[PDB]
Each structure stands twice: as C-alpha cells, then as structure tokens.
K.L.:
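Before we start, here is the structure in question, set down as structure tokens.
Naming convention: chains lettered A, B, ... in sequence-line order (proteins, then strands); numbering from 1 in each chain.
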Amino acid sequence: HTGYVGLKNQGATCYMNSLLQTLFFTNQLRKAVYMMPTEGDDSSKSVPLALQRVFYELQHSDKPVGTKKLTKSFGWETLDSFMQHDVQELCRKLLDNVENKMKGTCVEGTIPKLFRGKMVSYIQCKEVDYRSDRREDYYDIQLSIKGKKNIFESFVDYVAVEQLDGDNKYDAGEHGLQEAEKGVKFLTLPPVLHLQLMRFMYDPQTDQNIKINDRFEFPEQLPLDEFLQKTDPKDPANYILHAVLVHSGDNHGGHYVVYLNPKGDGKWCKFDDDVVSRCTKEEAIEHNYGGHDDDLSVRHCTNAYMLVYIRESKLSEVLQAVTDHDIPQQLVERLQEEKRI
Amino acid sequence: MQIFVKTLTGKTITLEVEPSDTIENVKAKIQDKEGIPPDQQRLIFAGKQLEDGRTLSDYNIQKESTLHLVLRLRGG
C-alpha cells in the first residue's frame with residue numbers, strides 16, 4: 001500500500017532493520033552499492049554482496065525481505081553481537097566496508113562524497129601568543145541532548161569553547177605546557193548528515209548506563225549556515241529531515257522503528273520490521289521528541305536517537321531515481337540464479 | 001606527542017603517546033588517566049574506528065589529533 005517493503009523480524013537484531021531502510025533510501029548510496037564489482041565475491045562471506053542482495057530485494061520484492069545472509073556475512077549471528085555494538089558502529093563499519101569495495105571502481109569515493117564533512121579544532125593559549133589549528137574529517141555528528149531544548153542548542157554546545165588547564169594543559173611548543181582554550185568549527189557539512197543523539201550514556205551519579213527520555217526537539221528544516229567558518233552564497237547549508245530512528249523503551253531494552261519520507265517530499269512512512277505504513281508528519285517528528293508531560297498517567301519513553309538530514313541543494317541527486325538500468329546485469333543474473341532453492 | 005581525547009562528558013583530556021603505541025597501549029593510557037577500562041572504549045579518529053593490533057602510525061595520528069571516545073554500552 002505504501003509501495004515500500006519491510007524487513008523480516010527473524011531474530012532479535014535491535015537497530016539493524018532501521019539502519020538498513022535508512023541506507024536503502026539513500027538512493028545515491030544504493031546505486032553505488034549496486035555497482036560494486038562483486039562478480040568474484042564469495043556468495044556467503046561477502047558483506048558487499050549481502051548488502052547488494054538486501055537492497056535488490058527491498059527494491060524488487062513484494063514480500064518482507066530476509067536478512068539472515070546479511071547477518072551471516074557480518075558474522076553477527078546472535079543477539080549478543082547486536083548487544084555489543086550500536087547503530088553508529090554498525091553504520092560506520094558497513095559504510096567503511098562498502099567504501100573499501102568501491103576503491104578502484106567507477107564509484108570510488110561515493111561514501112566520502114555523501115557523508116564526509118570537514119571540521120577544524122582550534123587552540124588558543126591564554127597567556128602566551130600561541131595558537132594552533134587541526135583539520136579533521138568527520139562522517140557523523142554526536143549531539144549532546146541532556147539539558148538541550150533542540151538541535152540548535154546542541155550545535156551551540158558542540159562548538160562551545162572548552163578550557164585546557166590543570167592536568168590537561170596544552171603543549172605549546174617552545175612555551176611548554178600552557179593554559180589554553182579549544183573549540184570546534186565546521187568547515188563543511190556533507191550532503192547526507194547523520195546526527196547521533198546522545199540518549200544512551202554512562203551516568204556517573206547512579207553509576208550506571210541509562211537512557212535519557214527527556215524532550216528534545218528537531219525541525220523538519222534545519223539551517224546550519226551560522227555554524228560554518230565560511231558559507232557558500234550559492235549553496236546554503238539548509239538541511240531537510242529524511243529519517244528519524246526511534247527507540248521505545250528503557251534501561252532494560254526496547255523496540256526499534258524508523259520513520260522516513262523517502263523522496264524528501266514530506267510524505268512520511270513508518271517502518272516497523274515487516275509492517276510499513278503511511279503516517280503523518282507529526283507522527284514522525286513531534287511524536288518522537290520525547291518528554292515527560294503527564295508521566296504520572298503513563299510512561300513516555302518513545303523518542304529519536306538518530307536523525308538523517310539531506311542538504312537541500314543535494315536532495316535531487318542524493319534521492320535520484322534508481323532504475324533496473326542502473327543495476328549491472330551480472331548482479332541481476334547472480335541473484336535470480338540463487339533462488340535455485 | 002600530545003594528542004587529545006574527547007571523553008564521554010564531552011570534555012577533552014590530553015594524552016601523551018608515541019607513534020609506535022598500539023591502540024591497546026592508547027586505551028591503557030586512557031584508563032590510566034580517565035579510569036575507563038579498555039574493553040569499554042571505542043576510539044574514533046577522523047570518522048574511522050581504531051582497531052586493536054594497529055598502531056597510531058597506521059592512522060596518520062599526530063600531535064593535537066583528537067580521538068573521540070565513545071563507551072561500549074550493552075543494548076539492542
């Protein structure tokens with residue numbers, strides 16, 4: 001009814017299905033994945049082939065898509081594997097695996113093109129005339145949530161300057177160890193922006209690992225030009241909400257779903273394993289802010305832990321059509337043959 | 001060489017390392033200063049996760065590089 005197919009729930013895999021849909025609907029990534037030269041890959045031990053297979057079935061199957069061959073290619077075949085990792089680590093390792101497979105191909109560099117930004121860490125000494133910068137790539141952004149109203153306040157906190165003193169004085173060369181301040185500035189933001197919301201953390205107080213269920217607001221349209229060291233007049237850093245990865249539960253565990261508007265046009269769907277349904281904007285956005293209003297009457301513990309935004313100027317390319325003409329025939333024939341069963 | 005580690009609180013500590021240090025060595029120095037056991041540490045540099053058995057030199061890490069510490073928490 002949506003025209004989008006779900007993923008089976010054939011064993012506890014936590015955040016995995018949510019991430020798989022999120023990446024599948026990153027159309028430019030999906031297209032590059034189809035182009036990976038997997039003719040000679042082992043039909044079981046190859047993560048690139050397994051992802052090609054899951055993507056191909058998400059695009060062509062009318063029935064819920066299985067993932068057993070994908071988790072076998074991961075070597076993550078029990079729940080303990082998923083318990084010991086998180087969605088950020090799964091995403092980073094998956095993207096690094098297919099990035100490596102794309103090296104030396106017509107599609108080399110797709111993952112950095114889509115996901116890599118540049119930032120600069122700047123250090124300024126407090127009492128001697130000495131400063132230093134270090135540029136570093138990033139592929140996602142970890143945003144502090146606790147005590148922050150919204151994404152904007154989390155970005156302000158992210159670039160706030162920090163003092164380097166006490167046991168953490170800065171090595172200022174000829175000046176020896178010096179009190180200093182250190183801050184982050186963004187140089188670029190990538191076409192596809194992955195924001196990890198720090199809802200799960202260690203709490204030194206209660207001395208345990210917790211989930212923060214506090215209210216945290218994120219907008220449909222996210223303007224980030226004000227956080228850049230230099231802006232592009234013909235390409236403002238205006239971002240469009242694409243995916244909302246959601247967790248319902250507590251410190252014990254929970255259930256994972258993802259909301260997407262796959263075409264970037266504000267028409268949202270809810271992806272709950274095998275069940276894909278249309279939903280309202282409010283159901284995908286505001287309802288996943290979290291909060292505690294009337295907690296006396298009922299647990300409010302459903303909220304977003306990861307957001308995907310796409311740059312407005314890049315939306316038509318990131319979400320370009322993916323047609324069967326884009327899919328190499330070698331891949332099609334190999335998968336059709338597999339259903340020898 | 002003095003690198004930085006962005007810790008769980010978001011604050012930054014300094015860390016004195018050698019290019020020949022293994023990632024295991026670096027995690028041990030982080031426990032020495034922050035108290036987090038190595039098997040609870042995930043270290044990210046320039047968006048990539050550092051793996052045990054490799055060295056800082058395998059990753060182009062230099063003075064003033066920032067490693068991002070994220071804690072291994074069970075769940076899901």
K.L.:
Can you list the steps and then say if A/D86 with B/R42 is a salt bridge (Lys or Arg N to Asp or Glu O under 4.0 Å)?
P.N.:
CA-CA 11 Å; A/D86 65 8; B/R42 280 201 302 276; 2.8 Å; yes
K.L.:
Which region of A/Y170, side chain (C-beta onward) or backbone (N, CA, C, O), has a non-hydrogen atom less than 4.5 Å from a non-hydrogen atom of chain B, or is it both or neither?
P.N.:
both
K.L.:
If you count the non-hydrogen atoms of other residues, nucleotides and ligands that lie under 6.0 Å from NZ in B/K63, is the total more than 12?
P.N.:
yes
K.L.:
Should we say atom CG of B/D39 is surrounded by more than 12 heavy atoms from elsewhere, each under 6.0 Å from it?
P.N.:
yes
K.L.:
When only pairs under 4.5 Å are counted, which of A/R135, A/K146, A/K169, A/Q88 shares the most heavy-atom pairs with chain B?
P.N.:
A/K169
K.L.:
Tell me, yes or no, whether the heavy-atom count around A/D167 atom CG, taken from other residues, nucleotides or ligands under 6.0 Å, exceeds 12.
P.N.:
no
K.L.:
Name the region of A/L90, side chain, backbone, both or neither, that has any atom closer than 4.5 Å to a heavy atom of chain B.
P.N.:
neither
K.L.:
Quiz question: by atom type and distance under 3.5 Å, do the side chains of B/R74 and A/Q84 form a donor-acceptor pair?
P.N.:
yes
K.L.:
Using non-hydrogen atoms only, which part of B/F45 is less than 4.5 Å away from chain A: side chain, backbone, both, or neither?
P.N.:
neither
K.L.:
Between B/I36 and A/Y202, is there a side-chain heavy-atom distance shorter than 4.5 Å?
P.N.:
no
K.L.:
Strictly less than 4.5 Å between heavy atoms, which residues of residues 47-57 of chain B line up against chain A? Please order them by number.
P.N.:
B/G47, B/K48, B/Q49, B/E51
K.L.:
Specify the closest pair of heavy atoms between A/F200 and B/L73, including all atoms of both residues, with the distance to one decimal.
P.N.:
O-CD1, 3.8 Å
K.L.:
Do the side chains of B/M1 and A/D171 get nearer than 4.5 Å, heavy atoms only?
P.N.:
no
K.L.:
Restricting to non-hydrogen atoms, name the atom on A/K182 and the atom on B/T66 that form the minimum distance, rounded to 0.1 Å.
P.N.:
NZ-OG1, 3.0 Å
K.L.:
Decide side chain to side chain contact (heavy atoms under 4.5 Å, CB included) for A/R92 and B/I44; before the verdict, give the C-alpha distance in whole Å, the side-chain angles of both, and the deciding distance to 0.1 Å.
P.N.:
CA-CA 10 Å; A/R92 168 184 29 261; B/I44 313 306; 3.5 Å; yes
K.L.:
Flag yes if more than 12 heavy atoms outside B/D32 fall under 6.0 Å of its CG atom; otherwise flag no.
P.N.:
yes
K.L.:
So which part of A/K93 gets closer than 4.5 Å to some heavy atom of chain B, the side chain, the backbone, both or neither?
P.N.:
side chain
K.L.:
Which pairs count as salt bridge (charged side-chain N to carboxylate O under 4.0 Å, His left out) when at least one residue sits in residues 109-126 of chain A, sequence neighbours excluded?
P.N.:
A/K113-A/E317, A/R116-A/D137, A/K118-A/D137, A/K126-A/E181
K.L.:
Quick one: are A/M201 and B/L71 in side-chain contact, heavy atoms under 4.5 Å?
P.N.:
no
K.L.:
How about residues 18-30 of chain B versus chain A: which residues have heavy atoms under 4.5 Å apart?
P.N.:
none
K.L.:
Tell me, for A/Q208 versus chain B, whether the close heavy atoms (under 4.5 Å) come from the side chain, the backbone, both or neither.
P.N.:
neither
K.L.:
For residues 7-15 of chain B, tabulate all N or O donor-acceptor pairs below 3.5 Å that involve a side-chain atom, not counting sequence neighbours.
P.N.:
unit_1, atom_1, unit_2, atom_2, d
B/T7, OG1, B/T9, OG1, 3.3
B/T7, OG1, B/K11, O, 3.1
B/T9, OG1, B/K11, N, 3.3
B/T12, OG1, A/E162, OE1, 2.9
B/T14, OG1, A/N168, OD1, 3.4
B/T14, OG1, B/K33, NZ, 3.0

K.L.:
Checking A/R134 against B/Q62 for the side-chain hydrogen bond (donor to acceptor under 3.5 Å, both in side chains) test, could you report, in this order, the C-alpha distance in whole Å, the side-chain angles of both residues, the deciding distance, and whether it holds?
P.N.:
CA-CA 10 Å; A/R134 176 78 49 207; B/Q62 49 181 301; 2.6 Å; yes
K.L.:
Taking side chain as everything from C-beta outward and backbone as N, CA, C, O, which of these in A/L95 sits under 4.5 Å from a heavy atom of chain B? Side chain, backbone, both or neither.
P.N.:
neither
K.L.:
Flag the one option from A/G166, A/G117, A/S132, A/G249 with the top tally of heavy-atom pairs under 4.5 Å to chain B.
P.N.:
A/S132
